file query.pdb (PDB, C-alpha atoms)
MODEL        1
ATOM      1  CA  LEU A 182      55.272-128.127 190.036
ATOM      2  CA  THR A 183      56.083-129.494 186.577
ATOM      3  CA  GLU A 184      56.239-127.730 183.209
ATOM      4  CA  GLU A 185      53.530-129.987 181.763
ATOM      5  CA  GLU A 186      51.108-129.031 184.540
ATOM      6  CA  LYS A 187      51.971-125.338 184.186
ATOM      7  CA  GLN A 188      51.524-125.251 180.401
ATOM      8  CA  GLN A 189      48.276-127.104 181.025
ATOM      9  CA  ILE A 190      46.982-124.516 183.504
ATOM     10  CA  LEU A 191      48.423-121.525 181.603
ATOM     11  CA  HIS A 192      46.747-122.675 178.391
ATOM     12  CA  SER A 193      43.682-123.918 180.282
ATOM     13  CA  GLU A 194      40.288-122.226 180.099
ATOM     14  CA  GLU A 195      40.742-120.538 183.493
ATOM     15  CA  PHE A 196      43.590-118.025 183.195
ATOM     16  CA  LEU A 197      41.861-116.021 180.443
ATOM     17  CA  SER A 198      40.174-113.421 182.650
ATOM     18  CA  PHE A 199      43.099-113.850 185.067
ATOM     19  CA  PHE A 200      45.669-112.654 182.520
ATOM     20  CA  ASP A 201      43.207-109.993 181.325
ATOM     21  CA  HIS A 202      42.682-108.499 184.779
ATOM     22  CA  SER A 203      46.386-108.985 185.566
ATOM     23  CA  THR A 204      47.451-106.838 182.607
ATOM     24  CA  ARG A 205      44.545-104.447 183.197
ATOM     25  CA  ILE A 206      45.205-103.811 186.886
ATOM     26  CA  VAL A 207      49.007-103.648 186.513
ATOM     27  CA  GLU A 208      48.551-101.120 183.704
ATOM     28  CA  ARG A 209      46.000 -99.460 186.017
ATOM     29  CA  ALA A 210      48.841 -99.072 188.529
ATOM     30  CA  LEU A 211      51.046 -97.317 185.941
ATOM     31  CA  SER A 212      49.768 -93.835 186.840
ATOM     32  CA  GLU A 213      52.505 -92.381 189.011
ATOM     33  CA  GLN A 214      51.681 -90.618 192.261
ATOM     34  CA  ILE A 215      54.042 -88.045 193.746
ATOM     35  CA  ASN A 216      55.101 -87.390 197.347
ATOM     36  CA  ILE A 217      56.640 -83.910 197.366
TER
ATOM     37  CA  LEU B 182      41.226 -99.771 231.589
ATOM     38  CA  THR B 183      42.778 -98.015 228.591
ATOM     39  CA  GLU B 184      43.641 -94.545 229.966
ATOM     40  CA  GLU B 185      42.880 -92.227 232.872
ATOM     41  CA  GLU B 186      42.380 -89.306 230.466
ATOM     42  CA  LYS B 187      42.146 -89.750 226.683
ATOM     43  CA  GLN B 188      41.680 -86.044 225.851
ATOM     44  CA  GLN B 189      44.835 -84.342 227.183
ATOM     45  CA  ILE B 190      47.319 -86.143 224.908
ATOM     46  CA  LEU B 191      45.112 -85.481 221.873
ATOM     47  CA  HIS B 192      44.260 -81.955 223.065
ATOM     48  CA  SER B 193      47.980 -81.076 223.168
ATOM     49  CA  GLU B 194      50.195 -79.118 220.765
ATOM     50  CA  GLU B 195      52.988 -81.602 219.951
ATOM     51  CA  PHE B 196      51.142 -84.914 219.815
ATOM     52  CA  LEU B 197      48.986 -83.077 217.299
ATOM     53  CA  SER B 198      52.228 -82.227 215.490
ATOM     54  CA  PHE B 199      52.550 -85.950 214.830
ATOM     55  CA  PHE B 200      48.884 -85.781 213.872
ATOM     56  CA  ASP B 201      49.830 -82.879 211.583
ATOM     57  CA  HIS B 202      52.362 -85.195 209.937
ATOM     58  CA  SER B 203      49.549 -87.734 209.586
ATOM     59  CA  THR B 204      47.199 -85.155 208.050
ATOM     60  CA  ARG B 205      50.065 -84.186 205.738
ATOM     61  CA  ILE B 206      50.013 -87.840 204.651
ATOM     62  CA  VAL B 207      46.210 -87.518 204.306
ATOM     63  CA  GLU B 208      46.553 -84.410 202.117
ATOM     64  CA  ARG B 209      49.190 -86.277 200.105
ATOM     65  CA  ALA B 210      46.909 -89.292 199.578
ATOM     66  CA  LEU B 211      43.456 -87.784 198.914
ATOM     67  CA  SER B 212      44.680 -85.629 196.016
ATOM     68  CA  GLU B 213      44.600 -88.357 193.355
ATOM     69  CA  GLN B 214      40.842 -89.099 192.979
ATOM     70  CA  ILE B 215      40.954 -91.547 190.049
ATOM     71  CA  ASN B 216      38.461 -94.399 189.694
ATOM     72  CA  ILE B 217      38.594 -97.791 187.954
ATOM     73  CA  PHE B 218      37.457 -98.221 184.343
ATOM     74  CA  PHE B 219      34.943-100.892 183.339
ATOM     75  CA  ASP B 220      35.890-102.099 179.812
ATOM     76  CA  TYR B 221      32.675-104.162 179.590
ATOM     77  CA  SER B 222      32.947-105.887 182.948
ATOM     78  CA  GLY B 223      29.290-106.909 183.161
ATOM     79  CA  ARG B 224      29.327-107.238 186.935
TER
ATOM     80  CA  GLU C   3      44.191 -77.468 213.295
ATOM     81  CA  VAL C   4      43.303 -81.088 212.550
ATOM     82  CA  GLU C   5      39.633 -80.178 213.100
ATOM     83  CA  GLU C   6      39.409 -77.946 210.015
ATOM     84  CA  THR C   7      40.812 -80.733 207.809
ATOM     85  CA  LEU C   8      38.317 -83.019 209.567
ATOM     86  CA  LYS C   9      35.586 -80.538 208.637
ATOM     87  CA  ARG C  10      36.799 -80.441 205.031
ATOM     88  CA  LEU C  11      36.764 -84.261 205.051
ATOM     89  CA  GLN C  12      33.124 -84.367 206.222
ATOM     90  CA  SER C  13      31.428 -83.768 202.854
ATOM     91  CA  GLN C  14      34.333 -84.924 200.692
ATOM     92  CA  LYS C  15      33.491 -87.367 197.884
ATOM     93  CA  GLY C  16      33.098 -90.888 199.235
ATOM     94  CA  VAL C  17      33.816 -90.476 202.959
ATOM     95  CA  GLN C  18      32.414 -93.519 204.759
ATOM     96  CA  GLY C  19      33.940 -92.761 208.165
ATOM     97  CA  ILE C  20      36.559 -90.530 209.818
ATOM     98  CA  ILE C  21      38.542 -92.077 212.704
ATOM     99  CA  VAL C  22      42.156 -92.624 213.775
ATOM    100  CA  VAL C  23      44.051 -95.131 215.901
ATOM    101  CA  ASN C  24      45.345 -93.440 219.053
ATOM    102  CA  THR C  25      47.121 -95.821 221.461
ATOM    103  CA  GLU C  26      48.795 -98.490 219.255
ATOM    104  CA  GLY C  27      45.738-100.514 218.350
ATOM    105  CA  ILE C  28      43.476 -98.842 220.924
ATOM    106  CA  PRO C  29      41.694 -95.950 219.156
ATOM    107  CA  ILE C  30      39.887 -93.175 221.025
ATOM    108  CA  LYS C  31      39.026 -90.533 218.408
ATOM    109  CA  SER C  32      35.889 -92.049 216.903
ATOM    110  CA  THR C  33      33.102 -90.676 214.751
ATOM    111  CA  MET C  34      31.742 -94.262 214.711
ATOM    112  CA  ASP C  35      30.841 -96.942 217.265
ATOM    113  CA  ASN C  36      32.969 -99.420 219.210
ATOM    114  CA  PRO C  37      33.431-102.308 216.672
ATOM    115  CA  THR C  38      33.830-100.312 213.435
ATOM    116  CA  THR C  39      36.378 -97.947 214.948
ATOM    117  CA  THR C  40      38.178 -99.788 217.710
ATOM    118  CA  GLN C  41      37.861-103.512 217.007
ATOM    119  CA  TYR C  42      38.297-103.232 213.242
ATOM    120  CA  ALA C  43      41.219-100.838 213.674
ATOM    121  CA  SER C  44      42.820-103.210 216.201
ATOM    122  CA  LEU C  45      42.357-106.071 213.725
ATOM    123  CA  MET C  46      44.008-103.945 211.034
ATOM    124  CA  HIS C  47      46.655-102.937 213.591
ATOM    125  CA  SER C  48      47.566-106.598 214.055
ATOM    126  CA  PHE C  49      47.389-107.064 210.276
ATOM    127  CA  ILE C  50      49.794-104.210 209.514
ATOM    128  CA  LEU C  51      51.867-105.612 212.394
ATOM    129  CA  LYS C  52      52.012-108.869 210.430
ATOM    130  CA  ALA C  53      52.854-106.890 207.274
ATOM    131  CA  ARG C  54      55.657-104.992 209.026
ATOM    132  CA  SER C  55      56.855-108.381 210.265
ATOM    133  CA  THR C  56      56.756-109.547 206.628
ATOM    134  CA  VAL C  57      58.810-106.659 205.260
ATOM    135  CA  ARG C  58      61.127-106.795 208.283
ATOM    136  CA  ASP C  59      61.614-110.474 207.439
ATOM    137  CA  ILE C  60      62.503-109.391 203.897
ATOM    138  CA  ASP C  61      64.946-106.839 205.320
ATOM    139  CA  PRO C  62      64.956-105.673 208.974
ATOM    140  CA  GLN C  63      66.105-102.252 207.787
ATOM    141  CA  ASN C  64      63.029-102.171 205.524
ATOM    142  CA  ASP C  65      60.046-101.167 207.657
ATOM    143  CA  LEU C  66      56.681 -99.962 206.316
ATOM    144  CA  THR C  67      55.574 -96.433 205.467
ATOM    145  CA  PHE C  68      52.030 -96.433 204.061
ATOM    146  CA  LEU C  69      49.174 -98.838 203.303
ATOM    147  CA  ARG C  70      46.001 -98.623 201.234
ATOM    148  CA  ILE C  71      43.321-101.198 200.425
ATOM    149  CA  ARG C  72      40.705-100.983 197.706
ATOM    150  CA  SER C  73      37.825-103.439 197.559
ATOM    151  CA  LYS C  74      34.244-103.711 196.317
ATOM    152  CA  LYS C  75      32.424-101.607 198.907
ATOM    153  CA  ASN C  76      35.216 -99.445 200.338
ATOM    154  CA  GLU C  77      38.680 -98.009 199.805
ATOM    155  CA  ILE C  78      40.683 -97.672 203.016
ATOM    156  CA  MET C  79      44.074 -96.003 203.298
ATOM    157  CA  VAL C  80      46.242 -96.830 206.320
ATOM    158  CA  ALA C  81      49.048 -94.538 207.429
ATOM    159  CA  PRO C  82      51.331 -96.180 210.014
ATOM    160  CA  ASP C  83      52.602 -93.404 212.276
ATOM    161  CA  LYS C  84      55.157 -93.896 215.080
ATOM    162  CA  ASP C  85      53.203 -95.435 217.977
ATOM    163  CA  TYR C  86      49.578 -94.986 216.942
ATOM    164  CA  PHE C  87      48.573 -95.653 213.342
ATOM    165  CA  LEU C  88      45.937 -94.091 211.059
ATOM    166  CA  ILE C  89      42.765 -95.465 209.441
ATOM    167  CA  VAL C  90      40.658 -93.565 206.883
ATOM    168  CA  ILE C  91      37.585 -95.274 205.401
ATOM    169  CA  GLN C  92      36.255 -94.153 202.018
ATOM    170  CA  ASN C  93      33.896 -95.266 199.232
ATOM    171  CA  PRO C  94      35.352 -96.434 195.908
ATOM    172  CA  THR C  95      32.948 -94.011 194.207
TER
ATOM    173  CA  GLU D   3      52.082-113.618 175.084
ATOM    174  CA  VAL D   4      52.795-114.201 178.762
ATOM    175  CA  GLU D   5      56.460-113.532 178.005
ATOM    176  CA  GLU D   6      55.238-110.509 176.039
ATOM    177  CA  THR D   7      53.390-109.460 179.201
ATOM    178  CA  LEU D   8      56.646-110.038 181.123
ATOM    179  CA  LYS D   9      58.633-107.825 178.751
ATOM    180  CA  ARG D  10      56.006-105.087 178.480
ATOM    181  CA  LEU D  11      55.460-104.815 182.238
ATOM    182  CA  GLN D  12      59.120-105.221 183.171
ATOM    183  CA  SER D  13      59.945-102.408 180.738
ATOM    184  CA  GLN D  14      57.909-100.276 183.149
ATOM    185  CA  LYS D  15      60.630 -98.683 185.249
ATOM    186  CA  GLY D  16      61.014 -99.051 188.999
ATOM    187  CA  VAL D  17      60.041-102.716 188.717
ATOM    188  CA  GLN D  18      62.831-105.028 189.845
ATOM    189  CA  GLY D  19      60.926-108.230 189.113
ATOM    190  CA  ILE D  20      57.541-109.529 188.014
ATOM    191  CA  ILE D  21      57.367-112.372 190.518
ATOM    192  CA  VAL D  22      53.739-113.494 190.460
ATOM    193  CA  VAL D  23      52.637-116.232 192.859
ATOM    194  CA  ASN D  24      49.555-118.431 192.478
ATOM    195  CA  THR D  25      47.002-119.713 194.992
ATOM    196  CA  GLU D  26      49.213-122.757 195.554
ATOM    197  CA  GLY D  27      52.214-120.640 196.540
ATOM    198  CA  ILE D  28      54.166-122.230 193.663
ATOM    199  CA  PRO D  29      56.416-119.889 191.593
ATOM    200  CA  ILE D  30      54.260-120.058 188.467
ATOM    201  CA  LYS D  31      55.752-116.680 187.482
ATOM    202  CA  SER D  32      59.241-115.709 188.647
ATOM    203  CA  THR D  33      61.982-113.732 186.910
ATOM    204  CA  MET D  34      64.437-113.134 189.784
ATOM    205  CA  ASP D  35      66.447-115.150 192.321
ATOM    206  CA  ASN D  36      63.989-117.936 193.068
ATOM    207  CA  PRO D  37      65.201-119.320 196.461
ATOM    208  CA  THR D  38      65.224-115.720 197.703
ATOM    209  CA  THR D  39      61.837-114.717 196.324
ATOM    210  CA  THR D  40      60.052-118.040 196.899
ATOM    211  CA  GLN D  41      60.283-117.411 200.651
ATOM    212  CA  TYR D  42      58.742-113.984 200.066
ATOM    213  CA  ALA D  43      56.125-115.511 197.773
ATOM    214  CA  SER D  44      55.180-117.952 200.543
ATOM    215  CA  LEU D  45      55.070-115.017 202.990
ATOM    216  CA  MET D  46      52.781-112.922 200.798
ATOM    217  CA  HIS D  47      50.764-116.086 200.132
ATOM    218  CA  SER D  48      50.139-116.336 203.887
ATOM    219  CA  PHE D  49      49.418-112.614 204.056
ATOM    220  CA  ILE D  50      47.075-112.658 201.059
ATOM    221  CA  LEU D  51      45.341-115.310 203.174
ATOM    222  CA  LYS D  52      45.450-112.751 206.016
ATOM    223  CA  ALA D  53      43.944-110.065 203.764
ATOM    224  CA  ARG D  54      41.188-112.324 202.418
ATOM    225  CA  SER D  55      40.360-113.413 205.973
ATOM    226  CA  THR D  56      40.321-109.700 206.866
ATOM    227  CA  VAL D  57      37.852-108.852 204.092
ATOM    228  CA  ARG D  58      35.557-111.850 204.516
ATOM    229  CA  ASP D  59      35.484-111.603 208.328
ATOM    230  CA  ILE D  60      35.070-107.848 208.735
ATOM    231  CA  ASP D  61      32.426-107.817 206.003
ATOM    232  CA  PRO D  62      30.167-110.598 204.676
ATOM    233  CA  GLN D  63      29.615-109.286 201.152
ATOM    234  CA  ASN D  64      32.934-107.552 200.413
ATOM    235  CA  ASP D  65      35.482-108.976 197.975
ATOM    236  CA  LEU D  66      39.205-108.263 198.118
ATOM    237  CA  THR D  67      40.319-106.597 194.888
ATOM    238  CA  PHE D  68      43.728-104.944 195.221
ATOM    239  CA  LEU D  69      46.355-103.812 197.736
ATOM    240  CA  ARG D  70      48.634-100.759 197.952
ATOM    241  CA  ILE D  71      51.789-100.790 200.107
ATOM    242  CA  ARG D  72      54.456 -98.121 200.504
ATOM    243  CA  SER D  73      57.564 -99.570 202.127
ATOM    244  CA  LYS D  74      60.629 -97.611 203.220
ATOM    245  CA  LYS D  75      62.697 -98.247 200.100
ATOM    246  CA  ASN D  76      60.186 -99.215 197.396
ATOM    247  CA  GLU D  77      56.531 -99.233 196.322
ATOM    248  CA  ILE D  78      55.050-102.745 196.234
ATOM    249  CA  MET D  79      51.519-103.716 195.196
ATOM    250  CA  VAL D  80      49.434-106.891 195.491
ATOM    251  CA  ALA D  81      46.789-107.862 192.920
ATOM    252  CA  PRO D  82      44.438-110.631 194.099
ATOM    253  CA  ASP D  83      41.677-112.146 191.966
ATOM    254  CA  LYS D  84      38.947-114.637 192.867
ATOM    255  CA  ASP D  85      41.007-117.690 191.833
ATOM    256  CA  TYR D  86      44.689-116.660 191.695
ATOM    257  CA  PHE D  87      46.915-113.814 192.780
ATOM    258  CA  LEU D  88      49.718-111.435 191.784
ATOM    259  CA  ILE D  89      52.874-109.948 193.334
ATOM    260  CA  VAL D  90      55.217-107.336 191.833
ATOM    261  CA  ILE D  91      57.820-105.009 193.385
ATOM    262  CA  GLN D  92      58.509-101.497 192.077
ATOM    263  CA  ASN D  93      60.791 -98.610 193.113
ATOM    264  CA  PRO D  94      59.999 -94.886 193.084
ATOM    265  CA  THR D  95      61.504 -94.063 189.696
TER
ENDMDL
END

call {"tool": "encode", "arguments": {"input": "query.pdb", "output": "structure tokens"}}
result
Amino acid sequence: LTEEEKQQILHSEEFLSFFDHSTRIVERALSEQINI
Amino acid sequence: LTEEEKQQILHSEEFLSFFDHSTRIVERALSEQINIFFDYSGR
Amino acid sequence: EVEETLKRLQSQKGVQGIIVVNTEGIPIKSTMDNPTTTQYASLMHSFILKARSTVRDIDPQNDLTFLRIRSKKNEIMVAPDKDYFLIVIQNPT
Amino acid sequence: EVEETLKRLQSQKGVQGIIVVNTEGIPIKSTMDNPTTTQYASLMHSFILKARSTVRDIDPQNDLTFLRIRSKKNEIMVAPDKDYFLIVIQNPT
């Protein structure tokens, strides 16, 4: 709710693999499919 | 009791045209065939 | 000729099961048993009903067109047709 | 680098906003109109709960990985992890 708690949890030792798989799976969704 | 006769609607020629639209979606979707990369996942 | 595409989809890479929803959450065409086809497809019918309710709550003009789920053990695409919907079950590999 | 992630993945076209919601439903990551998209974040929080209930009730061992949705007007995905979740909205571009 507060910026202190967010910058805690963002820089905590939990979001490491979360940011890694976030970037990895969103880049994994970059391959465009077509519908024609 | 779901239906008196399941087969006639599905055996038809125009309800299977909607199924032909659905298999057109199927042919549109199965063409990609790309799998997920590991990048040293471990599990 | 849905049956020839069915026959092509028999030995296709990763095919776990080949069914379809037939009567708006009440499927009939089943290459599997009663739970895996009908009850799981009715569950997913209510779940895509909740998702269409979600996107209709975003914009009532915005309905839904196509769904797909990938997971550990399976990858399932869902094509919502007009009254009945579609379920196709497939391996991830 | 999270803002670098924001820039690099918002530079990907079609995307109207990288609005990523947590497990708490709190807008830990929002770049668009927040009273509008916080409702939708709470929605897709409830429906990520629907999808995780779907996975863990249809199958014991399966884990929900990722979701693919084609709407009428755009192409929206959902990226769940074991602890926290992701939402982003993209157009056909």

call {"tool": "atom_distance", "arguments": {"input": "query.pdb", "atom1": "CA of residue 78 in chain C", "atom2": "CA of residue 213 in chain A"}}
result
19.1 Å

call {"tool": "calpha_fit_and_write", "arguments": {"input": "query.pdb", "fixed": "chain D", "moving": "chain C", "output": "PDB file with C-alpha atoms, in the coordinates of the input"}}
result
ATOM      1  CA  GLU C   3      50.350-112.574 174.873  1.00  0.00           C
ATOM      2  CA  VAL C   4      51.468-112.035 178.466  1.00  0.00           C
ATOM      3  CA  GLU C   5      55.084-112.217 177.244  1.00  0.00           C
ATOM      4  CA  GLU C   6      54.897-108.964 175.261  1.00  0.00           C
ATOM      5  CA  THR C   7      53.562-107.096 178.315  1.00  0.00           C
ATOM      6  CA  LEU C   8      56.356-108.814 180.258  1.00  0.00           C
ATOM      7  CA  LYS C   9      58.802-107.482 177.666  1.00  0.00           C
ATOM      8  CA  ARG C  10      57.320-103.988 177.953  1.00  0.00           C
ATOM      9  CA  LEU C  11      57.663-104.294 181.746  1.00  0.00           C
ATOM     10  CA  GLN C  12      61.377-105.172 181.486  1.00  0.00           C
ATOM     11  CA  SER C  13      62.763-101.642 181.039  1.00  0.00           C
ATOM     12  CA  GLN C  14      59.807 -99.815 182.580  1.00  0.00           C
ATOM     13  CA  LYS C  15      60.630 -97.141 185.174  1.00  0.00           C
ATOM     14  CA  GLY C  16      61.404 -98.718 188.535  1.00  0.00           C
ATOM     15  CA  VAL C  17      60.936-102.446 187.875  1.00  0.00           C
ATOM     16  CA  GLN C  18      62.708-104.352 190.648  1.00  0.00           C
ATOM     17  CA  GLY C  19      61.385-107.803 189.730  1.00  0.00           C
ATOM     18  CA  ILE C  20      58.726-109.489 187.573  1.00  0.00           C
ATOM     19  CA  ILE C  21      57.094-112.634 189.022  1.00  0.00           C
ATOM     20  CA  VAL C  22      53.626-114.031 189.746  1.00  0.00           C
ATOM     21  CA  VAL C  23      52.103-116.487 192.205  1.00  0.00           C
ATOM     22  CA  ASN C  24      50.916-119.596 190.363  1.00  0.00           C
ATOM     23  CA  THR C  25      49.522-122.313 192.665  1.00  0.00           C
ATOM     24  CA  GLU C  26      47.907-120.457 195.622  1.00  0.00           C
ATOM     25  CA  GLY C  27      51.041-119.464 197.481  1.00  0.00           C
ATOM     26  CA  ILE C  28      53.347-121.713 195.441  1.00  0.00           C
ATOM     27  CA  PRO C  29      54.754-119.593 192.579  1.00  0.00           C
ATOM     28  CA  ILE C  30      56.467-121.095 189.534  1.00  0.00           C
ATOM     29  CA  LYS C  31      56.915-118.225 187.058  1.00  0.00           C
ATOM     30  CA  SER C  32      60.043-116.591 188.455  1.00  0.00           C
ATOM     31  CA  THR C  33      62.542-114.123 187.059  1.00  0.00           C
ATOM     32  CA  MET C  34      64.179-114.244 190.526  1.00  0.00           C
ATOM     33  CA  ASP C  35      65.480-116.912 192.914  1.00  0.00           C
ATOM     34  CA  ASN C  36      63.709-119.204 195.376  1.00  0.00           C
ATOM     35  CA  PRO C  37      63.292-116.937 198.488  1.00  0.00           C
ATOM     36  CA  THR C  38      62.494-113.602 196.798  1.00  0.00           C
ATOM     37  CA  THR C  39      59.884-115.133 194.513  1.00  0.00           C
ATOM     38  CA  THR C  40      58.449-118.162 196.251  1.00  0.00           C
ATOM     39  CA  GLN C  41      59.011-117.719 199.986  1.00  0.00           C
ATOM     40  CA  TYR C  42      58.274-113.991 200.047  1.00  0.00           C
ATOM     41  CA  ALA C  43      55.210-114.476 197.849  1.00  0.00           C
ATOM     42  CA  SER C  44      53.997-117.296 200.119  1.00  0.00           C
ATOM     43  CA  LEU C  45      54.502-115.013 203.130  1.00  0.00           C
ATOM     44  CA  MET C  46      52.490-112.312 201.359  1.00  0.00           C
ATOM     45  CA  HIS C  47      49.969-114.991 200.345  1.00  0.00           C
ATOM     46  CA  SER C  48      49.392-115.802 204.014  1.00  0.00           C
ATOM     47  CA  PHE C  49      49.323-112.067 204.772  1.00  0.00           C
ATOM     48  CA  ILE C  50      46.646-111.288 202.176  1.00  0.00           C
ATOM     49  CA  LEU C  51      44.914-114.424 203.488  1.00  0.00           C
ATOM     50  CA  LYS C  52      44.884-112.730 206.896  1.00  0.00           C
ATOM     51  CA  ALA C  53      43.653-109.512 205.249  1.00  0.00           C
ATOM     52  CA  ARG C  54      40.845-111.336 203.428  1.00  0.00           C
ATOM     53  CA  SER C  55      40.019-112.920 206.784  1.00  0.00           C
ATOM     54  CA  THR C  56      39.939-109.385 208.232  1.00  0.00           C
ATOM     55  CA  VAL C  57      37.564-107.974 205.625  1.00  0.00           C
ATOM     56  CA  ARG C  58      35.497-111.175 205.686  1.00  0.00           C
ATOM     57  CA  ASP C  59      35.246-110.654 209.447  1.00  0.00           C
ATOM     58  CA  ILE C  60      34.011-107.123 208.726  1.00  0.00           C
ATOM     59  CA  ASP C  61      31.484-108.542 206.254  1.00  0.00           C
ATOM     60  CA  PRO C  62      31.653-112.087 204.798  1.00  0.00           C
ATOM     61  CA  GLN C  63      30.148-110.741 201.580  1.00  0.00           C
ATOM     62  CA  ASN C  64      33.030-108.238 201.456  1.00  0.00           C
ATOM     63  CA  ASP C  65      36.073-110.041 200.063  1.00  0.00           C
ATOM     64  CA  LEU C  66      39.221-108.345 198.725  1.00  0.00           C
ATOM     65  CA  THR C  67      39.975-107.146 195.205  1.00  0.00           C
ATOM     66  CA  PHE C  68      43.392-105.462 195.057  1.00  0.00           C
ATOM     67  CA  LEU C  69      46.368-104.660 197.297  1.00  0.00           C
ATOM     68  CA  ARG C  70      49.350-102.331 197.017  1.00  0.00           C
ATOM     69  CA  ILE C  71      52.160-101.505 199.443  1.00  0.00           C
ATOM     70  CA  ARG C  72      54.540 -98.575 199.257  1.00  0.00           C
ATOM     71  CA  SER C  73      57.589 -98.382 201.496  1.00  0.00           C
ATOM     72  CA  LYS C  74      61.077 -96.879 201.602  1.00  0.00           C
ATOM     73  CA  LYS C  75      62.911 -99.147 199.165  1.00  0.00           C
ATOM     74  CA  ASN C  76      60.069-100.631 197.107  1.00  0.00           C
ATOM     75  CA  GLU C  77      56.470-100.273 195.980  1.00  0.00           C
ATOM     76  CA  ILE C  78      54.692-103.601 195.532  1.00  0.00           C
ATOM     77  CA  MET C  79      51.209-104.029 194.101  1.00  0.00           C
ATOM     78  CA  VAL C  80      49.346-107.270 194.838  1.00  0.00           C
ATOM     79  CA  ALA C  81      46.456-108.426 192.677  1.00  0.00           C
ATOM     80  CA  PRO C  82      44.511-111.303 194.268  1.00  0.00           C
ATOM     81  CA  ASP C  83      43.194-113.444 191.419  1.00  0.00           C
ATOM     82  CA  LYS C  84      40.903-116.475 191.868  1.00  0.00           C
ATOM     83  CA  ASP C  85      43.185-119.312 193.017  1.00  0.00           C
ATOM     84  CA  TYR C  86      46.675-117.957 192.386  1.00  0.00           C
ATOM     85  CA  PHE C  87      47.459-114.348 193.268  1.00  0.00           C
ATOM     86  CA  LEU C  88      49.783-111.748 191.706  1.00  0.00           C
ATOM     87  CA  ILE C  89      52.925-109.988 192.969  1.00  0.00           C
ATOM     88  CA  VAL C  90      54.676-107.132 191.132  1.00  0.00           C
ATOM     89  CA  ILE C  91      57.757-105.540 192.724  1.00  0.00           C
ATOM     90  CA  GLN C  92      58.736-101.985 191.787  1.00  0.00           C
ATOM     91  CA  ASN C  93      60.963 -99.110 192.945  1.00  0.00           C
ATOM     92  CA  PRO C  94      59.361 -96.012 194.485  1.00  0.00           C
ATOM     93  CA  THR C  95      61.429 -93.945 192.038  1.00  0.00           C
TER      94      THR C  95
END

call {"tool": "residues_near_point", "arguments": {"input": "query.pdb", "point": "(45.7, -88.8, 194.5)", "cutoff": "12 Å", "atoms": "only C-alpha atoms", "output": "MDAnalysis selection string"}}
result
(chainID A and resid 212:216) or (chainID B and resid 206:216) or (chainID C and resid 70 79)

call {"tool": "atom_distance", "arguments": {"input": "query.pdb", "atom1": "CA of residue 53 in chain D", "atom2": "CA of residue 11 in chain D"}}
result
25.0 Å

call {"tool": "atom_distance", "arguments": {"input": "query.pdb", "atom1": "CA of residue 194 in chain B", "atom2": "CA of residue 90 in chain C"}}
result
22.2 Å

call {"tool": "resolve_selection", "arguments": {"input": "query.pdb", "expression": "the PyMOL selection byres ((chain C and resi 91) around 7)", "output": "list in words"}}
result
residues 17, 18, 19, 20, 76, 77, 78, 79, 89, 90 and 92 of chain C

call {"tool": "decode", "arguments": {"input": "query.pdb", "residues": "range 212-220 of chain B", "atoms": "N, CA, C and O atoms", "output": "mmCIF file, in the first residue's frame"}}
result
data_model
loop_
_atom_site.group_PDB
_atom_site.id
_atom_site.type_symbol
_atom_site.label_atom_id
_atom_site.label_comp_id
_atom_site.auth_asym_id
_atom_site.auth_seq_id
_atom_site.Cartn_x
_atom_site.Cartn_y
_atom_site.Cartn_z
ATOM 1 N N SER B 212 -0.944 -24.487 -35.951
ATOM 2 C CA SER B 212 0.134 -24.316 -36.915
ATOM 3 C C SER B 212 1.417 -23.781 -36.295
ATOM 4 O O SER B 212 2.456 -23.784 -36.965
ATOM 5 N N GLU B 213 1.381 -23.334 -35.041
ATOM 6 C CA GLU B 213 2.521 -22.622 -34.474
ATOM 7 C C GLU B 213 3.632 -23.582 -34.057
ATOM 8 O O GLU B 213 4.747 -23.520 -34.590
ATOM 9 N N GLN B 214 3.338 -24.458 -33.083
ATOM 10 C CA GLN B 214 4.182 -25.591 -32.675
ATOM 11 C C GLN B 214 5.552 -25.141 -32.152
ATOM 12 O O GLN B 214 6.593 -25.618 -32.602
ATOM 13 N N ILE B 215 5.542 -24.214 -31.196
ATOM 14 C CA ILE B 215 6.765 -23.716 -30.576
ATOM 15 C C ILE B 215 6.699 -24.020 -29.085
ATOM 16 O O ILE B 215 5.657 -23.836 -28.445
ATOM 17 N N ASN B 216 7.813 -24.488 -28.527
ATOM 18 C CA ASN B 216 7.859 -24.936 -27.142
ATOM 19 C C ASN B 216 8.752 -23.995 -26.333
ATOM 20 O O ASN B 216 9.495 -23.179 -26.883
ATOM 21 N N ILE B 217 8.665 -24.114 -25.005
ATOM 22 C CA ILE B 217 9.281 -23.179 -24.070
ATOM 23 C C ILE B 217 10.736 -23.574 -23.851
ATOM 24 O O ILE B 217 11.073 -24.757 -23.737
ATOM 25 N N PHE B 218 11.611 -22.575 -23.785
ATOM 26 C CA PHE B 218 13.036 -22.777 -23.567
ATOM 27 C C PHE B 218 13.335 -22.829 -22.071
ATOM 28 O O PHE B 218 12.619 -22.255 -21.247
ATOM 29 N N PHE B 219 14.417 -23.530 -21.732
ATOM 30 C CA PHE B 219 14.751 -23.841 -20.344
ATOM 31 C C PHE B 219 15.530 -22.710 -19.678
ATOM 32 O O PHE B 219 15.076 -22.154 -18.671
ATOM 33 N N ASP B 220 16.692 -22.370 -20.244
ATOM 34 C CA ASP B 220 17.648 -21.389 -19.716
ATOM 35 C C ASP B 220 18.046 -21.709 -18.276
ATOM 36 O O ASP B 220 17.987 -20.861 -17.382
#
